[PDB]
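Enquirer: 3D model of this:
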Amino acid sequence: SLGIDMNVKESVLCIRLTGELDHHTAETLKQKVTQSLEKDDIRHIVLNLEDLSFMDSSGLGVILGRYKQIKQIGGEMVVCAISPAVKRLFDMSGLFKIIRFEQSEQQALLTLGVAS
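Expert: Numbers count the residues shown, from 1 in each chain. See the structure here:
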C-alpha cells in the first residue's frame with residue numbers, strides 16, 4: 001500500500017506520496033533518485049506525504065539521499081507533511097537539519113523557498 005504524486009511548479013517537482021515509508025515504498029523514490037540526480041537544468045523539489053504513517057528508517061535514508069542530490073545538483077531539497085509521530089525519526093537522528101523539515105506551513109517553503 002503506497003501512492004505517488006508528482007507536480008511541477010516553475011521548476012519545483014512536487015512529490016506527493018501517500019501510503020507507507022519503508023524500504024518497500026522507499027523504493028519507488030529510489031528511482032526518483034536518478035531523476036533528481038540530474039533531471040536537466042536546475043529544478044526544485046517539493047516533498048509532502050499526506051499519508052505518513054509507518055515511515056521507518058528505510059526511506060529515511062532514501063530521502064536523505066535526495067537532499068544531497070538536489071543540493072549537489074544546484075538546487076535545494078525540501079520536505080514537509082511531518083507529524084508528532086514521524087518527525088521523531090529526524091528529531092532523534094538529530095540530522096533533521098539535513099532534511100530541513102517543517103509542518104504543512106512549509107507548504108509554501110516546500111516550493112523550495114524559491115518560487116513565489
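Enquirer: quick one: secondary structure of the residue nearest the centre of the chain?
Expert: In the chain, the residue lying closest to the centroid (Cα atoms, centre = their mean) is residue 47, at 3.7 Å. State at residue 47, reduced to three classes by DSSP: H, G, I helix; E, B strand; the rest coil: strand.
Enquirer: which residues touch it?
Expert: Residue 47 makes contact with 14-15, 17, 63, 66, 77-81, 110, according to Cβ atoms under 8 Å, 6 or more residues apart in numbering. All C-beta spots, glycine's among them, are computed from the backbone N, C-alpha and C.
Enquirer: if we go to 7 Å?
Expert: Listed by Cβ atoms under 7 Å, 6 or more residues apart in numbering, the contact set of residue 47 reads 15, 78-80.
Enquirer: Next: residue 6.
Expert: With Cβ under 7 Å, 6+ apart, residue 6 has these contacts: 13-15.
Enquirer: So which bits of the helix or strand encompassing residue 90 are buried?
Expert: In the assignment (DSSP states H and E), residue 90 maps to helix 88-93. Residues of helix 88-93 classed as buried: 89-90 (neighbour count, 16 or more other Cβ atoms under 10 Å).
Enquirer: can you check stretch 70-83 too?
Expert: Within stretch 70-83, the residues that count as buried by 16+ other Cβ under 10 Å are 70, 73, 75-82.
Enquirer: before we move on, what about stretch 57-72?
Expert: Buried, per 16+ other Cβ under 10 Å, within stretch 57-72: 58-60, 62-67, 69-70.
Enquirer: Can you lay out these as JSON lines showing distance to residue 93?
Expert: Listed next are those as JSON lines, based on distance: Cβ to Cβ, whole Å:
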{"residue": "58", "distance to residue 93": "13"}
{"residue": "59", "distance to residue 93": "13"}
{"residue": "60", "distance to residue 93": "7"}
{"residue": "62", "distance to residue 93": "14"}
{"residue": "63", "distance to residue 93": "11"}
{"residue": "64", "distance to residue 93": "9"}
{"residue": "65", "distance to residue 93": "14"}
{"residue": "66", "distance to residue 93": "16"}
{"residue": "67", "distance to residue 93": "13"}
{"residue": "69", "distance to residue 93": "18"}
{"residue": "70", "distance to residue 93": "19"}
